[PDB]
Amino acid sequence: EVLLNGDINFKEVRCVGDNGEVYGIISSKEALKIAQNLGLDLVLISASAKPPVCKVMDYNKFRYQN
């Protein structure tokens, strides 16, 4: 239901961490590189938002929040 990791393809995303960390507006490729280097997932929160909002977080935690 939720797009993750390599399935998130946008030229620009607003990338936020799980405790208020600001990464700014970066490519989905850059956001994925940050998530991978931090041992985390990239989770698409909103594609409707412009630019789309992604979080760098543990997907297992996202899944259980919902």
Side-chain angles (χ1 to χ4, degrees):
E1 198 53 79
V2 179
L3 275 62
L4 301 172
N5 293 318
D7 286 347
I8 299 167
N9 304 131
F10 296 102
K11 282 179 191 148
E12 287 191 330
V13 300
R14 181 176 310 285
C15 183
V16 181
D18 198 21
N19 323 276
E21 300 93 336
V22 164
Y23 299 96
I25 297 174
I26 55 177
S27 75
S28 54
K29 271 181 195 140
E30 191 84 0
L32 179 63
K33 170 182 63 164
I34 292 165
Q36 290 170 336
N37 277 285
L38 271 44
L40 293 164
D41 298 293
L42 188 69
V43 186
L44 180 62
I45 302 310
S46 181
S48 299
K50 284 296 161 284
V53 175
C54 295
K55 270 188 91 178
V56 175
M57 62 184 304
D58 174 13
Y59 174 62
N60 294 313
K61 174 168 164 174
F62 181 74
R63 153 167 158 61
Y64 275 115
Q65 279 160 4
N66 301 271

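Numbers for residues simply follow the sequence, beginning at 1.
- For the pair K29 (side chain) and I26 (backbone), a donor-acceptor distance under 3.5 Å is absent.
- Closest non-hydrogen pair, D41 versus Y59, comes out as OD2-N, 3.0 Å.
- Residue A31 comes nearest to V13 through the heavy atom pair CB-CG2, 4.0 Å, listed as atom of the first residue, atom of the second, then distance.
- To the nearest 0.5 angstrom, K11 atom NZ is 11.0 Å from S28 atom OG.
- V53 and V43 fall within a single hydrophobic cluster, where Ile, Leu, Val, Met, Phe, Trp and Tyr are joined by side-chain heavy atoms under 4.5 Å apart, directly or via other members.
- Side-chain contact between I34 and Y23 is present, with at least one heavy-atom pair separated by less than 4.5 Å.
- Of all heavy-atom pairs between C54 and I8, the closest is SG-CG2, 3.8 Å.
- Side-chain contact between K55 and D18 is present, with heavy atoms from C-beta onward closer than 4.5 Å.
- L32 and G6 make their closest contact through CD2-CA, 4.0 Å (heavy atoms, listed as atom of the first residue, atom of the second, distance).
- No single ILVMFWY cluster, assembled from side-chain heavy atoms under 4.5 Å apart, contains both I45 and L40.
- For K50, the NZ atom sits in a packed shell: over 12 heavy atoms of surrounding residues, nucleotides or ligands are nearer than 6.0 Å.
- By the side-chain hydrogen bond (donor to acceptor under 3.5 Å, both in side chains) test, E30 pairs with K33, sequence neighbours left out.
- Atom CD of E12 is separated from atom CD1 of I25 by 6.0 Å, given to the nearest 0.5 angstrom.
- In terms of the salt bridge (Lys or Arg N to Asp or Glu O under 4.0 Å) criterion, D58 has no residue partners (sequence neighbours excluded).
- When hydrophobic clusters are built by joining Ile, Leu, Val, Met, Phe, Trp and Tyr residues whose side-chain heavy atoms come closer than 4.5 Å, directly or via intermediates, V16 is not grouped with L42.
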